[PDB]
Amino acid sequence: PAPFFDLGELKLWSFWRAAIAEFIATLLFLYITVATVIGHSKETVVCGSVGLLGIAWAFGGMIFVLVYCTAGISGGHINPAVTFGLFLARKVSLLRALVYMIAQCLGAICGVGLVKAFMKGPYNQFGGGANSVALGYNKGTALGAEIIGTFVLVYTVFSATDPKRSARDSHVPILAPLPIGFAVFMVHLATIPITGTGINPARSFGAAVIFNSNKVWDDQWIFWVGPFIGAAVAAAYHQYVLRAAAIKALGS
């Protein structure tokens, strides 16, 4: 029976800085990625943007950069679904988890907020970076895609945990950033045409909050439930089926 918090949460100066790092990181994540999306969507020259490929790179490349910078401070989650998966495997206390998830959402809101402020017209005209079910797919397909996508991501996160090194003043495992960055990249390549790719409830929520349309709000549940389920299946797979929690993957 896992306690609500532990002594690492009483190291308040570090715990506060971990929270800030998650907040600022998720802000930057959303700023760079949604600005990339809007910059793409608004372009009038045919084949004169960074393209869907550029967009998939923005999301994957930013998770690489942000986990690189924050792994030693917070554990580098940038993603309620990642925090949720790790909480389920008891690598993160409930109190740390909820503090991280709030930070991530508020940061996502602020980041999309910044994109709207910089490019209000194109932002509103071209869908505000929001996830929703694309034409021709049903909600069940959307949800399945969000589950398997988040699974790929959360399973990569588990395999990328360092069993010996932890974020400052915590037991939160350090994460190897490149493979997690690449997993995000891969999932976007597959999933952009179906939902835009969520796999990150905060990323989806921030976009929904700022864009604020009925259609986007109606689909929003898929981007919470899908990722949380995917994360849960990844935690069970890694912990229970493969028994791989002590394994250190050799990065490349």
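Quick note: we count residues from 1 along the sequence shown, nothing fancier.
Stretches 176-184 and 82-90 differ in mean C-alpha B factor, with the higher average recorded for 82-90. The mean C-alpha temperature factor is higher for 42-50 when 42-50 and 197-205 are set side by side. For the set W221, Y31, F59, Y68, the PDB entry puts the maximum C-alpha B factor at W221. When the modelled residues of the chain are ordered by C-alpha B-factor, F158 sits in the lowest third. Per-chain ranking of the deposited C-alpha B factor places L189 in the lowest third.
Per-chain ranking of the deposited C-alpha B factor places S166 in the middle third. Sorting the modelled residues of the chain by their CA temperature factor places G136 in the highest third.
Annotation for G113: CA B-factor lies in the highest third of the chain's modelled residues.
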